[PDB]
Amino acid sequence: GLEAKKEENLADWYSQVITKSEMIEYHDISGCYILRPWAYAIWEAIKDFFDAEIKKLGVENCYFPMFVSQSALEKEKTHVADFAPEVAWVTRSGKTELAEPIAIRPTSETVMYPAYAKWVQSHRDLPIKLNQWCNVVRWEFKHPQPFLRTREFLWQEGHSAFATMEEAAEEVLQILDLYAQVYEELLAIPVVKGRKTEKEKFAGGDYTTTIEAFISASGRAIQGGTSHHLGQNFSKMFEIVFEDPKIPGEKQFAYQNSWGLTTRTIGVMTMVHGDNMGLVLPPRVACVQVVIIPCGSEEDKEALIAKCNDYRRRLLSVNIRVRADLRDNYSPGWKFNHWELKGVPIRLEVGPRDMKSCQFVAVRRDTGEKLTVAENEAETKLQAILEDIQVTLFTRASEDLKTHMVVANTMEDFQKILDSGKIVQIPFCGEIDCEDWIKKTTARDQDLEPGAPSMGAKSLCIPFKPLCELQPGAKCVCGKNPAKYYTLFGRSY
């Protein structure tokens, strides 16, 4: 059984849950983790939903090399200056030096965009809308944490190039909403949509959009997905130019977006919904939504496992994902425990009394509530229960966010509420340095709550729909500049 407790040692509870649920195995190279089938299946459920959605938008899947030349890596100065200290460099094969060191992709702008420059020669050659599912490497020497901050991670990155800013601007928001659907409709996690501040925005892009999620267990917020408008900052460096019908002789730079989402998702799903029995899966991504365990003679034993398989096939035929744990090797209760740790939404108990009274027992994982269900009603009732679990999870999580995201209009209120464990929308002047000073003084003036994290606030996002509307001539919390917008600040992952 799981014995670590979430409300105490969050990090050890995280370790124990992600290992005992068999989602994650440790590797002998720090910051790289083994994604076992139980986690990978969640990634695939995401993969399937998102791939369908971007296909409806004209995006096509492809695969670009993992290595980058130095010369191409340094064409956009802002971008490479941001990523350079964390780029893994391959320098030899065997004992033989390469001709020239090659970089492993931290992100694939500099891999893809020379190809885009090749493929664009006329207005009719745009848009280009490419996506790939691949790994990238970002070799930070800070302490890694499974799913959340790792040095190799699986992700998808989409890269689109348009002839007009309007097309591009349209796609940035479409994609961001899709990410919000991934979080809220699949992982049952509510998120805040907004723009990044100048400080936090993607180096080399015009503006970045983001969804933020709140982990109430640590009081911290984490960026769940991101979608950037790069504008013409990359096309002018890689010469992605077309020559217009309307505009003779004048080279036109493509307008570009890139957008990304990673297995960080799974980590967030653990931190929000997980409890002290283990993992809790939302039904829409759970590898197995219903697990059938036989409970409690010889003819009776064979007929019992046949009834379990009856339920298995019945559920299979209604697109409920289902496993029959029919091993002679472990108790009923050990299976209860194993599948509770793995977070299966419904446990299906079938014992001979229930088997001959034509019924069964359904145990919900989120609440623990046990129901007796008539055999006849399985396909119906379990579907309903599955549906109700998903809603329940989302509802609980949303009630958390709403109670932890409040407004403060002065620095002192912001400080007190932020040390209270919440994330705060404050009037903000926008300037990078203001954000630095915010970070510095919220760390300096922090009144430490028991077990609370000791760090400064960062900006999370500028919400599209702020809680309040910035009253006219409001100063920023810095006092000295007029506020430009309400910004969501908090302590971050």
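A residue's number is simply how far along the shown sequence it sits, counting from 1. Take the two forms, find the largest set of C-alpha atoms that superpose within 1.5 Å, and that set is the rigid core.
Between 105 to 113 and 380 to 388, the larger root mean square Cα shift in 9 other deposited structures of this protein, once each structure is superposed on the rigid core, falls on 105 to 113.
Note on 395 to 403 and 67 to 75: with rigid core alignment, C-alpha atoms in 9 other deposited structures of this protein sit farther from this form for 67 to 75.
In every other compared PDB entry of this protein that covers both flanking sides, residue 466 is modelled, so it falls short of the one-third threshold for missing coordinates.
Omission of residue 42 is seen in none of the other entries compared for this protein where the adjacent residues are built, far below a third. Unmodelled residues of the deposited sequence between neighbouring positions residue 368 and residue 369 number none; the chain is continuous. The PDB entry reports B-factors from which the mean C-alpha value can be compared for 152 to 160 and 310 to 318; the larger average falls on 310 to 318. For the pair 166 to 174 and 326 to 334, the record assigns the higher mean C-alpha temperature factor to 326 to 334. Between the residues 340, 388, 198, 302, it is 302 that shows the highest Cα B-factor in the PDB record. Of the candidates 203, 271, 187, 213, the PDB record gives 203 the highest C-alpha temperature factor.
Residue-level temperature factors show residue 459 in the lowest third of its chain, judged at the C-alpha atom. Looking at the C-alpha B-factors along this chain, the one for residue 466 belongs to the middle third.
Ranked within its chain, residue 44 lands in the lowest third, by CA B factor from the PDB record. Sort the modelled residues of the chain by CA B factor and residue 442 lands in the middle third. Sort the modelled residues of the chain by CA B factor and residue 138 lands in the middle third.
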